[PDB]
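Q: How does the following fold in three dimensions:
(chains A and B, ligands or ions: 1)
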Number of protein chains: 2
Amino acid sequence: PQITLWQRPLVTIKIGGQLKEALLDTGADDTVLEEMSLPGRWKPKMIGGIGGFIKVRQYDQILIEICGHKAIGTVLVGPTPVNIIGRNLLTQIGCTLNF
Amino acid sequence: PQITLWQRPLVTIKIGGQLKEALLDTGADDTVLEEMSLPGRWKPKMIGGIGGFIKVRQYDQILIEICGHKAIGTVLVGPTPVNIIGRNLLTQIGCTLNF
Ligand SMILES: *[C]C(*)(*)(*)([C@@](*)(*)*)C(*)(*)([C](*)C(*)(*)(O*)C(*)(*)([N@](*)(*)C(*)(*)(*)(=O(*)*)[C@](*)(*)*)C(*)(*)(*)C1(*)(*)[C](*)[C](*)[C][C](*)[C]1*)C(*)(*)(*)(=O(*)*)[N@@](*)(*)[C@@](*)([C](*)[C]C([N])=O)C(=O)[N][C]([C][C][C][N]C([N])=[N])C([N])=O
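A: Numbers count the residues shown, from 1 in each chain, chains lettered A, B, ... in the order given. Right below this line is the structure:
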């Protein structure tokens, strides 16, 4: 998939038995998904963005299928407005910018 | 060019006769630069990102060079922690997301 940027690059992901839509964000180092039910252990972490800082729970090694591709990594669950797939998973599915 | 996501996608821009580095960001609908000296009339505006909302100054018809590519668009200037090039200019230098 070559995705053009006239529309938000939004993709289907499958995480925790759940179907979600997530924004692909090259400006996000990490993956932060809207508040949700996930099995396991997690650690308190704080991340920053344009508005300021948020408190998120960090889950390591969670399986995500992103546009039909699989990846395992740290997933952060928290008060984000949209689900964001960031560069930690995006390098895992071979994703590059091109111009 | 083809940019991998192992490191932040940072680029050199010349905006208003000044050289700066900015992040290529697909989760950014707009372009927002740290406070700088830009000539012109601007409208007040507010954007939201991850830990909230910021108040920016909107400048329309700003000329900006990204890697030698010239582009003319709207640029929001305000307290962003990093210079961000969003999809309003990314579609102008023809940039895509491939995976
Ligand atoms: C880079 C930038 C800042 C980004 C941004 C994004 O893109 C957003 N957008 C806006 O804002 C426009 C996203 C979303 C979209 C939709 C709506 C909501 C929002 C960011 O912010 N990023 C962040 C996230 C990721 C993670 N967390 O990982 C980040 O990256 N953060 C970080 C910090 C940075 C800074 N750096 C230095 N300064 N060094 C953390 N760590 O957290």
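Q: if I look at residue A:5, how far off is residue B:93?
A: 10 Å (Cβ to Cβ, to the nearest Å). Placement of C-beta: from N, CA and C, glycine included.
Q: and what of residue A:67?
A: 24 Å.
Q: and what of residue A:29?
A: The value you get for residue A:29 to residue B:93, if Cβ to Cβ is used, is 23 Å.
Q: Please say which of those two ends up with more neighbours.
A: residue B:93 (18 against 14; other Cβ atoms under 10 Å in any protein chain shown).
Q: Residue A:14 - how many residues pack around it?
A: Neighbour tally, residue A:14, other Cβ under 10 Å: 15.
Q: can stretch A:27-39 be found next to chain B?
A: Yes: using Cβ under 8 Å from any Cβ of the partner chain, stretch A:27-39 reaches chain B at A:27-29, A:32.
Q: List the buried residues for that stretch?
A: Neighbour-count burial for stretch A:27-39 flags A:27-28, A:30-33, A:38 (criterion: 16 or more other Cβ atoms under 10 Å in any protein chain shown).
Q: Not counting residues beside it along the chain, what's closest to the spatially most central residue of chain A?
A: By Cα atoms, centre = their mean, the mean C-alpha position of chain A lies nearest to residue A:85, the distance being 2.6 Å. Take residue A:85 and drop its neighbours on the chain: the residue closest to it by Cβ to Cβ, 6 or more residues apart in numbering or on different chains is residue A:22, 4.9 Å away.
Q: Please apply the same query to residue A:30.
A: Per Cβ to Cβ, 6+ apart, closest to residue A:30 is residue A:86, 4.6 Å.
Q: Quick check: the gap between that neighbour and residue B:30.
A: 19 Å.
Q: on that earlier part again, isn't the residue nearest to the centre of chain A right up against residue A:29?
A: No: contact between residue A:85 and residue A:29 fails when scored by Cβ atoms under 8 Å: they sit 11.4 Å apart.
Q: Count the residues that sit near residue A:86.
A: 25.
Q: got a list of what it touches?
A: The neighbours of residue A:86, taking Cβ atoms under 8 Å, 6 or more residues apart in numbering or on different chains as the test, are A:25-26, A:28-32.
Q: quick one: which of those sit in helices?
A: Taking DSSP state H, every one of these sits outside helices.
Q: Return the closest of the residues you listed with respect to residue B:10.
A: Checking the contacts of residue A:86 against residue B:10 with Cβ to Cβ, the nearest one is residue A:26 at 10.6 Å.
Q: For the closest one, list the residues it contacts.
A: A:86-87, A:90, A:97, B:5, B:9, B:23-27, B:97.
Q: ok, and which of these reach the ligand?
A: A:86, B:23, B:25, B:27 (Cβ under 6 Å from any ligand atom).
Q: Need the max-distance pair from these.
A: A:86 and B:23 (12.0 Å).
Q: Tell me the spacing between residue A:97 and residue B:31.
A: 15 Å.
Q: same question, residue A:2
A: Taken as Cβ to Cβ, the span from residue A:2 to residue B:31 is 22 Å.
Q: pretty sure residue A:39 is in contact with residue A:17, am I right?
A: No: shown here, residue A:39 and residue A:17 do not form a contact pair, counting by Cβ under 8 Å, at 9.3 Å.
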